[PDB]
Amino acid sequence: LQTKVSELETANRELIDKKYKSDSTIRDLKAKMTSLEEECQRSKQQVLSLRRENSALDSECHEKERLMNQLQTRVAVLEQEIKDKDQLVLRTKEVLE
Amino acid sequence: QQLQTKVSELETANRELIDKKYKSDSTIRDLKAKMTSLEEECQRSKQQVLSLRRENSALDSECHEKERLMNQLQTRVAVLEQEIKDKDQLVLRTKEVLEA
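Trainee: Can you lay out the overall build of chain B for me, pointing to particular residues and giving the numbers?
Mentor: Each helix and strand in chain B was counted, giving 1 helix and 0 strands. By its C-alpha atoms, chain B is 145 × 20 × 15 Å across when sized along the principal axes. In chain B, which comprises 100 residues, the share counted as buried stands at 23%. A total of about 7,900 Å² of accessible surface is found on chain B, and carbon and sulfur atoms cover 50% of it. A distance of 6 Å separates the average location of the 19 positive side-chain charges in chain B from that of its 20 negative side-chain charges.

Trainee: A description of the overall build of chain A should follow, citing residues and the corresponding values.
Mentor: The helix and strand inventory of chain A stands at 1 helix and 0 strands. When its C-alpha atoms are laid out on the principal axes, chain A stretches across 145 × 15 × 10 Å. Scored against the burial criterion, the 97 residues of chain A give a buried share of 24%. Accessible area of chain A: about 7,700 Å², with a carbon and sulfur share of 51%. Averaging the coordinates of the 19 positive side-chain charges in chain A and doing the same for the 20 negative ones gives two points 7 Å apart.

Trainee: Give a detailed account of the pattern of salt bridges, specifying residues and quantitative values.
Mentor: Applying the stated criterion across every chain, the model contains 16 salt bridges over all chains. Here A:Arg42 ties to A:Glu38 by a salt bridge, and the two come within 2.8 Å at their closest N and O atoms. Highlighted residues: A:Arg42 and A:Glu38, both in helix α1 (residues 3-95), separated by 4 residues, approximately one helical turn. With a relative accessible area of 55%, A:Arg42 lands in the exposed category. A salt bridge links B:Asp30 to B:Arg29; its shortest N-O distance comes to 3.5 Å. Connected via shared salt-bridge partners are A:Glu9, A:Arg13 and B:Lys6.

Trainee: Run through the interface of chain A and chain B, naming residues and quoting values.
Mentor: Opposite the 45 residues of chain A that make contact, chain B presents 47 residues. At the boundary of chain A with chain B, total buried surface from both sides reaches about 4,700 Å², with 77% on carbon and sulfur atoms. Between chain A and chain B we count 6 salt bridges in total. Salt-bridge contacts for B:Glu67 lead to A:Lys64; the nearest nitrogen and oxygen are separated by 3.1 Å. Linking chain A with chain B are 13 residue pairs in polar contact, by the criterion used here. Here the residues of the side of chain A that touches chain B are counted per class, giving 22 nonpolar, 8 polar and 15 charged.

Trainee: Requested: an account of the packing of α1(A) against helix α1 (residues 5-97) of chain B, with residues and values cited.
Mentor: Angle between the axes and distance between the axes are the two parameters that describe a pair of packed helices. Between α1(A) and α1(B), the least distance of the axes is 2 Å, while the angle of their chain directions is 10 degrees. The angle between the axes of α1(A) and α1(B) places the two elements in the roughly parallel class. Of the residues that constitute the contact of α1(A) with α1(B), the class distribution is 41 nonpolar, 14 polar and 33 charged.

Trainee: So what about the side chain of A:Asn12? Which residues, and what values?
Mentor: With respect to the helices and strands, the residue A:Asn12 is situated in helix α1. If near-sequence neighbours (up to four positions away) are discounted, A:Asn12 is found in contact with B:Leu10, B:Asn14 and B:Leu17.

Trainee: Quick one: what's the story with the side chain of B:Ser45, residue by residue and with numbers?
Mentor: Take B:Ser45: it is sitting in helix α1. If we ignore the near neighbours within four places in the chain, the residues touching B:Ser45 are A:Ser43 and A:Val47.

Calculation rules
- Residues numbered from 1 in each chain as written, not as in the entry; some residues may be left out.
- Chains lettered and ligands numbered in written order.
- Heavy atoms only, no water.
- Helix = DSSP H or I, 4+ residues; strand = E, 2+ residues; numbered from the N terminus.
- Buried < 20%, exposed > 50% of the residue type's maximum accessible area, 1.4 Å probe, protein only.
- Areas by Shrake-Rupley, 256 points an atom, 1.4 Å probe, with all protein chains shown as cover.
- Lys, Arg positive; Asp, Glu negative; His and termini not counted.
- Charge placed at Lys NZ, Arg CZ, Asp CG, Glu CD.
- Salt bridge = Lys/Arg side-chain N within 4 Å of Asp/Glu carboxyl O.
- Contact = heavy atoms within 4.5 Å.
- Buried area = accessible area lost by both parts, 1.4 Å probe.
- Polar contact = N/O pair within 3.5 Å; in protein donor to acceptor, adjacent residues only side chain to side chain.
- Nonpolar A, V, L, I, M, F, W, Y, C, P; charged D, E, K, R; others polar.
- Axes fitted to C-alpha atoms, helices over the stretch in contact; angles between N-to-C directions.
- Parallel < 35°, antiparallel > 145°, perpendicular 65-115°, else oblique.

In structure tokens, the structure reads:
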């Protein structure tokens, strides 16, 4: 009789107490997620920053190499100019005999 | 205490809580799933950052060696350009004596 009233009072008090717990779980999950998407956004910007830095270094390595081949060519030209001038200095010394 | 109207009221209150509990549970299941993908996404960008930091250190060392060989060459050019000037001046002074 009044027996089923008690089984139902326990069931209700249990549901309301579970509703408090589920609500705080939702509040906690939403907060744990806000920090997480702020973290993911930070690393996305960090990746993009590092990709820009890498492109910059790549272009810089290209220019350095371009300038280097130019200097190696310049050295070869000057090294030959020396050889030709030393030989001219040698032939002048040789004629004064 | 002769009326079970509290049963009819306690059953309409309970069935309403049970239906709300289904909705709250799927919200929790959906938040937990949205978070698992997000944690996986963050882990993927962490490895992408680390990969890009390795790559950056490599390019930096490479740019440093290129800059080092360039300073060496610029110095070499200056030495050779001076050797030329000194030899041309010797050739000039010999020409000058052969005139006087």
